[PDB]
Amino acid sequence: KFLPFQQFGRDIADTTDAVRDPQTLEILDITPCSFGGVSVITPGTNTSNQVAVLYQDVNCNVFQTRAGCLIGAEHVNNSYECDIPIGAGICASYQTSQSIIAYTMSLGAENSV
Amino acid sequence: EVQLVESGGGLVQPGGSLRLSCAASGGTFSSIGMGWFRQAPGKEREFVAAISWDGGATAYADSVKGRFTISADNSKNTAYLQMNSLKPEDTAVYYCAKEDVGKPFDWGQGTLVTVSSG
Amino acid sequence: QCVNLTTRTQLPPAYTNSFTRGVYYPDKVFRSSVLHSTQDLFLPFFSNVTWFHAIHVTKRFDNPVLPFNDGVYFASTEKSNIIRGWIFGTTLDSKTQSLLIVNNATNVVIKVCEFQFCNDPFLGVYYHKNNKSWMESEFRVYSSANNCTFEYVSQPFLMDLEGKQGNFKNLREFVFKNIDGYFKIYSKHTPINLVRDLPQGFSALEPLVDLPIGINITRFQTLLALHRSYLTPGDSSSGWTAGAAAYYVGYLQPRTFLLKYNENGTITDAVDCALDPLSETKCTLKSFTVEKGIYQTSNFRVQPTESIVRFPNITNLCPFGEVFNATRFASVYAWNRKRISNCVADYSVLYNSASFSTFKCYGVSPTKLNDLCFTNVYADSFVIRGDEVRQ
Amino acid sequence: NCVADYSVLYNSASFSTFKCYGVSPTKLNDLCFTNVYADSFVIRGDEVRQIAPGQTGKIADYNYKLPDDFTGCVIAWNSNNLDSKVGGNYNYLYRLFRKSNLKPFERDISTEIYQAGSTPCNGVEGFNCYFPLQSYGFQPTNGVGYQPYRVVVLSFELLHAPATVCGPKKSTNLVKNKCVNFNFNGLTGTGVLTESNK
Ligand SMILES: *[C@@H]1O[C@H](CO)[C@@H](O)[C@H](O)[C@H]1NC(C)=O
Ligand SMILES: *[C@@H]1O[C@H](CO)[C@@H](O)[C@H](O)[C@H]1NC(C)=O
Ligand SMILES: *[C@@H]1O[C@H](CO)[C@@H](O)[C@H](O)[C@H]1NC(C)=O
Ligand SMILES: *[C@@H]1O[C@H](CO)[C@@H](O)[C@H](O)[C@H]1NC(C)=O
Ligand SMILES: *[C@@H]1O[C@H](CO)[C@@H](O)[C@H](O)[C@H]1NC(C)=O
């Protein structure tokens, strides 16, 4: 707490680090709830019937990604050229049983002239 | 504790008619269980009848059918009752309890009622 | 009045799986070559079925009751008229109105009356040797019949009763719903004969019955039929005879799904919107085929669980008990001016209390109160007899 | 599956405010509606605000109510001369202390006891053990705003325009192909007509 006749902590617009007005008053932090959206990664119905779910901002075969927690696709050591973007420099594709894999995007064929 | 007053009882010739009064001073004005009770000599207390405060509902026991009709007065906050066909075993003491919010069967003192030809 | 005929033997039920059933058009309207979503009471794409072994002469005697739970989805394939009717009612007595559905080869009689129900009701039929037919004579399922309100008689519409021997080559369907004081019974018949217990058929039911009834129901039982057996006095048999039949048991829950119409106006292929991500991405896109890429769907949101309060405790410390205790005032003639403001003004004193009569208004939630600040609690000191409270 | 004939409503007098139209303005006896459910009942008639949108009442707390749809007819004519016994109308009666704000279109018929105190009926009478059924006992000489009234409410529930319940006296032959408006079975619209199979 800072001063008696005013205790409701709030700094920018909506953080409101308080609750409302407890008799013990005083302010600690804010954590009501915070979770985001979801998207689905598919290779094509005529190609396969399995997909990969990618969450937006979730602190999670689960594979963590700065773009979001992605479950349903494992990573690999190496990298190929990709066409399904995921964001944050990592993308996923369909590679042969057969499963969907996600990898760091490759820039191109390295050659030192 | 609650205050209940009963009067008018006494000796009556068999097959008479009595009009007793139960003046309930106050009573939280939330009555739901107004009813009278009797205690025959050497006989355990048993239910007799009841009158609702929010309606005209007046339930009666099997033994008091027809011959017993009870009524109240929301303006007077009282409880009246009329009797008929007094028979010797009806000789007993009666009570008028007040059952309300928390208030149990607000018990009083009753009045002795005698049904005999002596 | 009633005879108790129970058996001490009990067997736990068994479960199985259900394929694509429980589907109907949301509205009586007709549509062609246009896709449309739908959110109402249905049955999901995958679930389980519960049918009892109603065979007792190996043998199993099980005649239990089923709670209502806002409609029960049924389906049966009886051949010898095993399931006769369905008795409804929480108490199953003469104080509650029940349903009596009886079907025969002449007329379909649907009676909704208050029939008295015994502990173990069951209908029995006999077989006369001279007539070489089966009739009903033991009408002991009901004791008293009073308060008759509804009585509907009609010819059999979707029942043929022509084949003398049919080995599970029929599919009658019933849908039960108790909403807005109604008990709708939808009828559906499609000929099926396959190897497995449940084929992959898919056809929505068609409305035929819209009988209303208003009553709260949470329990009902399905009736049955018995065939009399000629037994000698010295045989000492079980005394119970029954055929072979089964009945699915399910329940209803409101969800949302997807439907696709055809040129004939009948749903040919439908995807389950809330089954999996592959079908979840088809909830937004109006196509049943999707190309490769990223598709967004309904956001992932965690609903809160704990919702509690933390109100002040002391604040201002017993507004009335600091100088007047619970209740104690001076002489009547001295009406001293004593008011307490900016205080808690809580009503913990009048919660339990003892007798009293209060001011007989209590406008907002009598005896609850304790929700307004009020200006002050000025309590004048005086004493009166109290019998003349009306004055 | 009848002719309705709502023109009789404009006859006589008294009644009450309709307070439920909720479709659109033009003409009364043209549309075929969906289902006409008559649920006439008799109350004390002291206040009919319960039948109005919102304003939950004492009787509607445990009796007929429209949740949020209404759209119906709440015609209620005052009548004390009829169905009134000279020694109190003990035939009419009502059920009370039944929970709070029950489902609107859900009727129940049972007494038992509400158990508003501490001791239930247990199959017998007692204090606070009244079966919820109180005789109205309407008196032939008991006020004007409290004497029993006759009220009938209508469900309506307009969702399907081409239904069977409509009886306008106008009849016209069917048009094969003319760019004219159509009002078949209460459904209105404009366009051209063409015959085909489906
Ligand atoms: C009760 O009020 C006091 C303030 O004197 C303080 O301890 C706290 O705010 C409240 N809770 C407890 C457990 O004391
Ligand atoms: C899918 O791929 C197959 C083979 O590559 C092709 O024949 C077909 O046209 C594609 N599209 C669909 C919808 O099947
Ligand atoms: C995400 O989860 C990991 C694993 O528990 C944890 O170490 C990390 O701190 C989390 N991220 C944040 C921002 O808390
Ligand atoms: C990537 O290389 C590390 C190093 O040995 C290895 O442990 C890991 O399994 C590799 N990733 C995959 C997907 O094989
Ligand atoms: C004040 O009232 C309370 C009961 O509410 C009880 O402590 C006693 O009757 C009174 N206190 C004293 C000290 O007399």
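Sequential numbering from 1, following the chain as shown.
Keep in mind that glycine also has a Cβ here, set from the backbone N, Cα and C atoms.
What Swiss-Prot says about this protein:
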- C:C2-C:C118: disulfide bond (DISULFID)
- C:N4: N-linked glycosylation site (CARBOHYD)
- C:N48: N-linked glycosylation site (CARBOHYD)
- C:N104: N-linked glycosylation site (CARBOHYD)
- C:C113-C:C148: disulfide bond (DISULFID)
- C:124-146: region 'Disordered' (REGION)
- C:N131: N-linked glycosylation site (CARBOHYD)
- C:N147: N-linked glycosylation site (CARBOHYD)
- C:155-167: region 'Disordered' (REGION)
- C:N216: N-linked glycosylation site (CARBOHYD)
- C:228-244: region 'Disordered' (REGION)
- C:262-283: region 'Putative superantigen' (REGION)
- C:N264: N-linked glycosylation site (CARBOHYD)
- C:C273-C:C283: disulfide bond (DISULFID)
- C:301-317: region 'Disordered' (REGION)
- C:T305: O-linked glycosylation site (CARBOHYD)
- C:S307: O-linked glycosylation site (CARBOHYD)
- C:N313: N-linked glycosylation site (CARBOHYD)
- C:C318-C:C343: disulfide bond (DISULFID)
- C:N325: N-linked glycosylation site (CARBOHYD)
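The structure, with features from Swiss-Prot marked on it.
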residue	record	Cβ contacts under 8 Å, 6 or more apart
C:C2	disulfide bond	C:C118, C:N119, C:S143
C:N4	N-linked glycosylation site	C:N119, C:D120
C:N48	N-linked glycosylation site	C:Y15, C:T16, C:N17, C:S18
C:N104	N-linked glycosylation site	none
C:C113	disulfide bond	C:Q97, C:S98, C:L100, C:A145, C:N146, C:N147, C:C148, C:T149, C:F150, C:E151
C:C273	disulfide bond	C:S37, C:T256, C:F257, C:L258, C:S279, C:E280, C:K282, C:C283
C:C318	disulfide bond	C:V344
C:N325	N-linked glycosylation site	none
C:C343	disulfide bond	C:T315, C:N316, C:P319, C:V377
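The residues of the region 'Disordered' (C:228-244), classed with DSSP into helix (H, G, I), strand (E, B) and coil, number 0 helix, 0 strand, 17 coil.
Close to ligand 1, meaning a Cβ under 6 Å from one of its atoms, are these of the recorded positions C:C118, C:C273, C:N313: C:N313. Residue environment of C:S307 (O-linked glycosylation site) contains 5 other Cβ atoms, counted within 10 Å of its Cβ in all protein chains. Of all Cβ atoms in the shown protein chains, 12 besides its own fall within 10 Å of the Cβ of C:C148 (disulfide bond). In sequence order, C:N313 are the recorded positions among C:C148, C:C283, C:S307, C:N313 whose C-beta falls under 8 Å from a C-beta of chain A. Proximity to chain D (CB-CB distance below 8 Å) holds for C:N216 among the recorded positions C:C2, C:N4, C:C118, C:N216, C:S307. The two recorded residues C:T305 (O-linked glycosylation site) and C:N313 (N-linked glycosylation site) have their Cα atoms spaced 25 Å from each other.
Taking the Cα atom of each, C:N131 (N-linked glycosylation site) and C:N216 (N-linked glycosylation site) are about 45 angstrom apart.
Ranked by CA distance from C:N264 (N-linked glycosylation site), the glycosylation sites C:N216, C:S307, C:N313 have C:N216 at the top as the closest. Put simply, C:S307 (O-linked glycosylation site) is 32 Å from C:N216 (N-linked glycosylation site) when counted between their Cα atoms. The highest number of surrounding Cβ atoms within 10 Å, among the glycosylation sites C:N147, C:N264, C:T305, C:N313, is found at C:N147. For the region 'Disordered' (C:301-317), the residues of the chain that approach it from at least six positions outside its boundaries are 342-344, judged by C-beta separation under 8 angstroms.
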